Structure formats: C-alpha cells, structure tokens
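Notes for the one structure printed next.
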Ligand SMILES: *[C@@H]1O[C@H](CO)[C@@H](O)[C@H](O)[C@H]1NC(C)=O
Ligand SMILES: *[C@@H]1O[C@H](CO)[C@@H](O)[C@H](O)[C@H]1NC(C)=O
Ligand SMILES: *[C@@H]1O[C@H](CO)[C@@H](O)[C@H](O)[C@H]1NC(C)=O
C-alpha cells in the first residue's frame, strides 16, 4: 500500500499519521527525521597561506655587465644595480674600482608551517539534501538514509520510501567559500591567476607541494644605500594574515535555520527550513484485517487541564467499553494538535490517558482510538513558562490560534452589522414596493 | 530565516538581553556547548475572558494583525450602522413625502 504525506524538515520532532485501507485495520505511521545534511558539490580553486619571501644570495660581477632572465618562480622580481662597491668581513669584494655591478633576486614560496595554517578556496554548486529517516510502521522500526530529490528511493529494500523535492532551496553557502582549519567563510576570493597584493589569495597554488606557484605580492628591490652586501627590499603585507585579522565570524556562527557547518566534506547538517513530501510503500504483511483488531462499542474523550505550549502540555482521557483485549493505534485528526503515544492496549472496559501538544488555545479536535472517533472539546490555557528548551512540535496556523469566546465576539459584531444591512435593505425594498 | 548573529567579547560582570522568537535562538558562551532556547505564547492576558483581556493577549503576541482586525471590525460596524441609517431615512422620507 502506498501512502503519501508531507513532513516538516525539523530534525527530531516525530511526525504521526495513520494508514487506513478500506478492508484493513488502521496502523500508525511514524516518520522521524533523525539527521540531515546539505552537501554541495565543490571543486578546489587553490590553496593559500602566509608566504615566505626568499632573498637569494646576491650576484656580484666586477666591472662586467649583468642582466637577468625570466623565471618561473612565484612572483620573481629582479633588478640589477651598477656602480657598487660591496664589502664583506675581510675587506672589499671586487678588484675593480667603480664599474662593479650587483644583481639582486627575490621571490616567494610557501612557509614551512603552511601544512597546518592554510586556507582552501572553493566554488560550490547546488546543494543536495540527504536525510536520515526513522520509520515506524505498525510496530516495525526501520532506519534509513534517503536523498531529498523526488525520484531516488531510500536505502531500504523492504520499505521503498521516496522523498519528494524540498519545499524551498536554502543553500547557506555562497558561490565562493574559504575553509581554514575547519572554519568556513563566505568570502569572495579572487580567481586563479588574478592575484592582488595585500589581499587574500595573493599567493596561489593547486596544492601545498605544487611547483607551479603563482603570486603577485607588491615586492620591489631598492638600491643598496650602505656598502654592505645586503639586499634592501620592501614588500606588501601578507594578504593571508590580513584576511585572518578581519575574517569576521565563520559560517558556524552566521548561518540561518540553526544548522551546523562541518568539513570533510563541506556540508551543513540538521537544517530545519522546509517541508518534505514522503511516499511510503508499506508492505502488506504489516497490515492486519479489520476483524483481527479489537472493536470499539463507544468511546468518550475528556480533556483535563490543557496547556498550549511547545512540550507535551495537556492530557486527555478516553473512556471505552471495547470488545476483547488488544493493541490498537490512536491518533489526533488535527494539524494543530499531536499526541505523544501512538499505540495503546485496550481491555473490555476502562480508560486510557494520553498526552498531547497543541498550538491552539482550545483542545477542539477529533481523537481516533482503534479507528473510532471521540471529538475532544475543551479549552487550553496560555503557558506560564516563557522560555523552553525544545522547539514547538506543531506549526501555528490561523483560524485555530483564535479561540471561541473570541471568535464569538467577532462573529457577533459582524452578524450585527450584517443584520443592520439586511434590515435596511428590506425596509428600502418595502418602501419601494409601496 | 534571518539569523541575526551577534558576536561580542565580554569582560567583567554584565547582563545581555536577547529577543527570542518561536523559531528559537542559540547562544554559545566561551568554550561551552551551544544552548538553544525557544519562546512560547505566554502573553499576559486571557483568550477566554472579557474582551479587553483577549485584545491585550493577542496584541502582545501579534500586534499588527490584531490592530488591523480591530480596525476592520470597527469599519464594519460603522459602515453597517451608516448604511442602515441611510436606508431607514430614505424609506422614512419616501413614506412621508406624500403626507407632506
Ligand atoms: C506487534 O504487535 C502485535 C500485537 O500487539 C504482536 O503480536 C507482534 O509480535 C508485534 N510485532 C513486533 C515485531 O514486535
Ligand atoms: C588588525 O590587527 C591589529 C594588530 O595586529 C589589531 O589591532 C586590529 O584590531 C586588527 N583589525 C583591524 C580591522 O585593523
Ligand atoms: C532586559 O530586559 C529586562 C526585562 O525585560 C529589563 O528589566 C532590563 O532593563 C533589560 N536590560 C537592558 C539592558 O535593556
């Protein structure tokens, strides 16, 4: 038997329904989202870290011209200075008076500690939601994982559940994502080969051990002022360090719908944002015939101290005079009130107590025991506790959040105004007919 | 949908107020685990009682909705009274115009 329903995306908060075939006893269907994740498809643009500036040993040629060629090194900057007179410990360094030339080199590479402190730039595509479902049908429990895409069946051969497309697409990650040490940021890094000095991604490579490193740090070589053999140079600050200084807060703290960002792979787990259509092909072995289940001769429902809140606030008692002892499901036929218990054991005569959670100020709903309705009818009070540590199990909706003796006043005033309209109209017609 | 995230370094002994809605709010304090809280409809009134208690209870929960409902019912009774008065006045002058 195939049953289609719609569950909330909130992790935890089990969803209850009952399945009623024409010739079979109803059974409880119990759909719980125990876990979820929203993993986008990522491709790595580059890696980056704080660069290490390598200044090689200077070249000195004693009154003979020097020039330097192009190099494949990362941000290779070169300059030649003529008319030098270098000195080291020991004395002068060339045999020639004032035509001596010095060639100064400079480039960058990865720091030795980039194996730990480094950032990875990613472009992420549309994310797919995969949920872990606990399905209790009758009294059989199955745990599975399914993709929320509309056509892929769940990971269960004996149940064949299909999760329909998600109500809305959330995708907490922006198009460009930076990951550093498990911290995830929505940063718009520059493209590969488009380095900017003093900003993030000033040095880039395909991997940490890659040899094709490219960088555009603002390095420049100065003419040596004193006559030692140092290489004077000025460079822009490390754009990786500059980004670390003002990275802001990661997406683990700034992400809607209260779901936590995890790496390896990049994903957002336990997001509560939409509604998932779920279709279950319940096997016929789970069903039982209507004659097998105990029957209800009469049943009455009395609600005692209904308190509308997020937890299971409110209790009701079903008094029944059933036939033969047996277990049968119970349900609340309302979208504004959900029971706590699913199946109960009934005897020849007695009363059973159930706990329910509602978002409406009145307990005005139909409770079915063994498939037999009971139409519970009472009032509920606003809660005393302002703040609770669990989410609401029932969505709040109009026409139920407004109670009677508040609907009564509105209907009375509207009916009075309409009564004045009708009496004015009929007196006008009576005057016109004369 | 709107994660109004705040981050602040606290020194000394202070107090911080945070508005919590039905969707909930989490706070992390130092190295502690995140703590999640949710707000209930605990408005200081009475949905089943005299009308002023109902109005203040539903005004603390959803202000603008109840204000426009009150404006709508006031407009409805005003238009109904005015139209009924106009109709009965027209009928009265139509019945008394031959006698005059
Ligand atoms: C389900 O309940 C029925 C009646 O209570 C019982 O006979 C049966 O063994 C139960 N099934 C399982 C799998 O526990
Ligand atoms: C940058 O770093 C300096 C010292 O490292 C610090 O004082 C400053 O607050 C940081 N942030 C900005 C935005 O300048
Ligand atoms: C925080 O809220 C309480 C109760 O609403 C109030 O008494 C207090 O003044 C508020 N504190 C601040 C700093 O606004």
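Using the numbering of Swiss-Prot, the residues shown for chain A are 798-1231, in order.
Cβ from N, Cα, C; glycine included.
In Swiss-Prot, the annotation transmembrane segment applies to A:1206-1226, one of the ranges A:1143-1163, A:1206-1226. Below 8 angstroms of C-beta separation, residues 855, 857-863, 1021, 1024-1026 of the same chain, each at least six residues beyond the ends of the region 'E1 fusion peptide loop' (A:881-898), sit close to that stretch. Local packing around the disulfide-bonded residues A:860, A:875, A:1056 was summarised as the count of other Cβ atoms within 10 Å of each Cβ; on this measure the leading residue is A:1056.
Residue A:859 (disulfide bond) sits 6 Å from residue A:893 (disulfide bond), counting Cα to Cα.
Of all the disulfide-bonded residues in the list A:891, A:1056, A:1167, the shortest Cα-Cα distance to residue A:911 (disulfide bond) is found for A:1056. In terms of local Cβ density within 10 Å, A:846 ranks first among the disulfide-bonded residues A:846, A:859.
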